[PDB]
Each structure stands twice: as C-alpha cells, then as structure tokens.
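The chain that follows stands alone, in the form deposited in one PDB entry, written as structure tokens.
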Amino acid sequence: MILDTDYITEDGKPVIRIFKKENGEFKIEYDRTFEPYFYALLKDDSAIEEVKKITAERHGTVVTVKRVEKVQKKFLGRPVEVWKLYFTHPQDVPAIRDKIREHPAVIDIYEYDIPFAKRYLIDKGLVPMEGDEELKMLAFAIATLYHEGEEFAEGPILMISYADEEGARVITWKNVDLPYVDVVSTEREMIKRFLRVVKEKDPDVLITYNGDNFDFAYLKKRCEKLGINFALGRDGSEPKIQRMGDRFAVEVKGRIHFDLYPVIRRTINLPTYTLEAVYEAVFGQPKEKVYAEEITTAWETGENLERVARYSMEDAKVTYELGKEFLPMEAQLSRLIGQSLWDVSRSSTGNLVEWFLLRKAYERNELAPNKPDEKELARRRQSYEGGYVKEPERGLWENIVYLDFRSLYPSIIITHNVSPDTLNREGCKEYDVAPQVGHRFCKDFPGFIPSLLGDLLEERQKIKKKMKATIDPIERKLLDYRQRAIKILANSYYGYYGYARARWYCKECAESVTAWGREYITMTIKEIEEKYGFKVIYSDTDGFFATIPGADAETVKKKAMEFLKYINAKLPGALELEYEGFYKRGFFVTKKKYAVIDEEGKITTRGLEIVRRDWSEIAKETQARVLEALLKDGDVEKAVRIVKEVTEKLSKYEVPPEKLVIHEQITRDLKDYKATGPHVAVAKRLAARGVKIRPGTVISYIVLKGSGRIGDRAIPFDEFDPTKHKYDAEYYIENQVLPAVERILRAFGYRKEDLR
C-alpha cells in the first residue's frame, strides 16, 4: 500500500517520492515526470501564444511556461474548454499565476494552489492505505528530568520506552534491576540505543501520545545538545517538526508518525485527556500516574526508580495498545478522503472535505472553484436561520420514545439535490423548492455534492449495523467512534456550504437545507400529535421526545412503531424517521438541557452542568447524585438529603478543595478581551508573574472567601494552601451547587432554603 507522498527538488526539478509497503517490503518510488500545472480560461484560443510567453522571476531564476494543453472540462456542471498550463517546478506557479491572471486575454485561472504531492495522489488515482498489507507498528514514550522554573528540555531524558507486539522495554542510563530495562552509560547512548532499535525493527508506524508537541521536540533539543544525528527517517532524515495551526506536527519520512492525541481528543468526550484517562475510558482498566515531581526525586535520590521504569514501560505499552485499536479507523478515513493517514489524522474537517471534493471533482472532470479572496470573504460574513428547537414541556415524564431523523441534513441534500450546480438552474423538467427561502434546485441530474453523500451514509449505516451486532464491547465502542466520525463528516458537507472559505460555497444551499429541516420536524410533530394522539415533550432540529399521557410502555412503543411506518411512507427519498430510544423516565429543564433513563437503568444527560467542563466537580457530583435519586429511583426526599449533605460540609470545609476547581480556557490574547471574568483575571495576573498565557491555556482556579467580584478573590489552584486559604464556601453553595440542582428540584416544590 501507499503510506505517504512528498516531493524533493534535484537540480531545480521536482521528484515525487511515493513511500510504499508491498509484500512486506518497504519501497520508495521516484516519479520525475509528473508536472505541476494550473488552468486558464482564455477569451480566444489564439491568445495562448502570448500566454505561453509570459515569464516571471523566482529567486534569480526565470520562470516560464513549459507546455500547454487544451482540455474540455466543466465548471459547476457547465461545459467549458480551458488551457492546462504546465510548469517545471511547483514553486513556479505561485511566482507566475498572478501575471497570467492579469493578462487581458485570460478570463480566470483555476487550481493554482494545490499542494504538489497531494495533486499527485489525485491525478494518479492513488489512494493511501489500500490493500491487505500488514503494517509493523512501534510505540514509544520518554521520561524526563523536570525542575520548575527551567527552559524547555533543559533537563535530560531519563528513560525511553518502546512497545510493539513482541513486548515493551525501557532504556535508561541509571542501574535499574528489572527484566525489561536496558541500562546504558549515558543519555547519549540511550538515545543512540533507541535510534538503533527503531532502525532494526524498521516500523511502518511510530505511535506516540502527544509526540507532535512534546516527545519529538524534547528529543530534538537533547540531540542538539549532545550532537546526535537522530536519523529516524527511512531516508536517513531526522524528524521533520513543522507548524500546524497554533501548535506543531512531526513527520518521520518513510514512516507514519501516528500521534494518538489529536485523534483521541476529537473522537472521545472526556473531562481530561491524560494517557491514563484515555486508557481507562477505552479499555476499562486503570493506569497509575507517576508525576514529574516524583520522577525527578527518584532519579536524584536513586530511590524507587523501579516504579518510574514501570510507569514508563506502561506508557509505551498502553500507547501501542491504543494505537492498534485506532489505526483501522483512521486508515478508513484516509481511504475515504484519499490522503495520507498523517494528514487526515491531524487536519481540520474543512481540509478533509476539500481534499475529498478536489479528488471527486478531478474524477468527474469538474474544475474546482477558487478559494475566495479578501473581498469575497467579506461578502460571505452573513449568517442564516438554523434548526428549530421546541421549548420543552418542563418537568418529569414517563414512558418516553425518542424519534430522530437519520442523517437529516445530508439526507435533505440527497433528496432535494441541494447543490451550487443545481441552484436556480433553468431549462430543467423538475425542481424542488425550499420552503420559506424559496430557492429552487434542478432535479434532472445529480448535483456534484448530493451525488457523493450517498456512499458516506451507506458506509456509516453498514458500520452501525455491524456495531449493534458486535459482541466485544471494545470493538463495538470503536465501531461507534467510527460511524460517528462519518456522521460528523457527512454533516460537515452541509456546513461547508455556509463556510466562508469554502470553494463550493453556497449559502443558498445551506439555508435551504435548514429550511427543509425546520419544515420536516414541525410537520412530523404535528403529524404524531394530531393522528396518533402523542404529546411531544421536547424537540431539537430533527428529533423529539414524545409519549401518550396515561399509556403504559407497551402501548407507547406499539403506537410509536405504527407512526414510524406511516410517516416513513410519506417521507421522500432518503428522509427516514428512526426509533432511537425508549426511556422509562425523563426530566427536561430547558432547551438543550435534560436527562433520560432507559429500561436498563442507564441515564443519559444532555447540556446539564454534569457534562460541562467549566463547572465545579462538587456541583456536577451533586446534580448527578440528585438525578440518579430521581430517575433511577423515585425518592425525591433522598435527593434533598444528598444536597443538604453537601451544603453542610462546604460550610464546614469538609469538602476536598480539589472538587472546587473551576476550569475555563483562554481563547485569545489577553489584551483582546473586552470583559474580564474570573479566569481572565487570574490569567492576567499569571502573565504579570511571567507565566506566558496563550490561547488554549486552561485556567484551573478556586474562589476564596470574600465579597467583591469573583475574579478578585480567585487564585490558581496551584497556589492554594489550606493552611493560609479558606475557600468561599458560600460561593460554591449559592453559585455552583444550588443553581444547578435547584433548576431540577423546583418541579418537586423545593426552594434553595430547603437545600441549605
């Protein structure tokens, strides 16, 4: 299979490198003939003679048109003949494309900003990660000597651990007597030893957890101190550290550096993303955490270094195990998008969609629309109306069915052929007209995007069917992640229509999808209520919770299935309402905030403080215990004993202050904030103290006893000392616990005074 592609320049000429594994053998294929190009639409074919002669300059080098080729293509489905302009080197295109566009005989140019190596994969029809090829994988991690107040990587690496199917080992330069620890003389020999292990094992995949932003950068600094050529690349190269957005990403040429952290971070919803939390979440087994402060003391005092080596060995072991489970998912995504696993595992959803569309457009002889310039961008900054959210019938409900449309917006796009190339196109026999917004969409031929979402939805449903029929809970959980990723991807094609930077931007298409969605859900609500006597309790965008008041579970389920058959017979195309769940009880607080319990006893909470990262653990812990007492049982009086059990304690300072930390992210330069909340107030002080605050920084703070603004008496939890500080017990009662649980316990007649 194809692992990756890039290009190098030899004597001014580009050379594509295709990194392959075939029949167990790694190969580098070199392609010296593939040429960069872009397209030009001319006022008249004869003008190509002048365009051929346009030249530019590129760092002392004259840039010229190598050769030209007239080709027949389509733009948004409409045929048009253009000129394919070839060049010698990819960097020729940015140097000359403006001068060609400015030429009076050139109407417009296209596809002039496509990365050369990805252009190769598309135009050659190559798809990475295709084939029955078994890839050799190796995980690794490092333990370092950390002292606070030091620059990055000022201390040495103490241990390098690695794990594969044959086991896990640890390399260190102190004498630890464990069977899996290899002792060397120096930090230098340790690094050189690890380099040797990788070259000998020759793995196709190097698995890390956050290696993009810690492990490789640490190794780089230490190798620069020690004078080590850290030639992990299969071409003898060192790891290529490059900027990606607001952080970094690391390539190892010829291999796939699979950094699990970006994948895990967007696939699983967790309060924290330590390696320990991720391992237990996936496999349901604990992993002990040894902290940097313990590692340093063990190394300096030589005491209990076995525990550090075990922790390091376990880091590599669980990293390998996690990589085995998540590579297949990312490998499928690589095939769907048609780009390398390295790229798809790290790229934004917009790039995935666009790389996908550029390939499909090439397959269909469709010219890609250009990205917008600054002027067009400013024109695309309007919004549009979205989904319909019903105000809930707040309170406690029983025998509730949840009906929900399958892949609604993608199904709308498929059903009504919602595409920029079908919008208000004249001459067609048939049209679908969007409600409210009135946009018309030709139905005579499949639209570009509509013709592509079908296969994604097909693949997802196949996964979901396999999932539901999977015995192993771990495999099932991974399939759940898999189908959910395609769900989010498919829905991102809708959002792509309203994405200001999109090539195939179409805000009319976007607001037509949402308009149809609002029509379908409100029609379904009216239909289930008027024809089947249901009561709709709450609805959001494309699903609703409903019951028959007074009916038992058997009856509600039966009549729900009857409505589904009826409504699904009326719905066109790919629109289908699904039976998504039955719940014995359910409590709805506001829009987007409710909790339901199924017949097995599993509670599902949405939007409530229990699920929010920016609320105090004691407030979430309390609301959870409250809901459990209400839904799982029926003992409202028990709920009120837990809460008064918590107000008392907080009053007595018997609650661990660790349950009082508030986490809130900094999202911008501190100068750019208009309003200073508690987390910004703390952040501004830390920066004054020299701490360096960047967007993405999380502020973990606690509120101390006082009366002024919250931010005034808020400090980082790193500075909390119970000897000197008494937290604001009345804040965490009146502002964290009570407000969360009161909104629920209202319905049972309780007020805040009866909970304190």
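Residue numbers run from 1 along the displayed sequence. In this text, the rigid core denotes the largest set of C-alpha atoms whose superposition between the two forms falls within 1.5 Å.
The next section is about a form of this same protein that is not shown, the form deposited in another entry.
No residue of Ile122, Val205, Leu357, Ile618 other than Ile618 has its CA displaced by 2 Å or more between this form and the one not shown when the core is superposed. After superposition on the rigid core, the Cα of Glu393 moves by less than 2 Å between this form and the one not shown.
Taking the rigid core as fixed, one finds a CA shift for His439 smaller than 2 Å between this form and the one not shown.
Once both forms are overlaid on the rigid core, the distance between the two CA positions of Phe717 between this form and the one not shown is 2 angstroms or more. Look at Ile693 and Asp212: in the other entry their Cα atoms come 3 Å or more closer than in this form. Annotation for the pair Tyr209/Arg482: C-alpha atoms recede from each other in the other entry, by 3 Å or more compared with this form.
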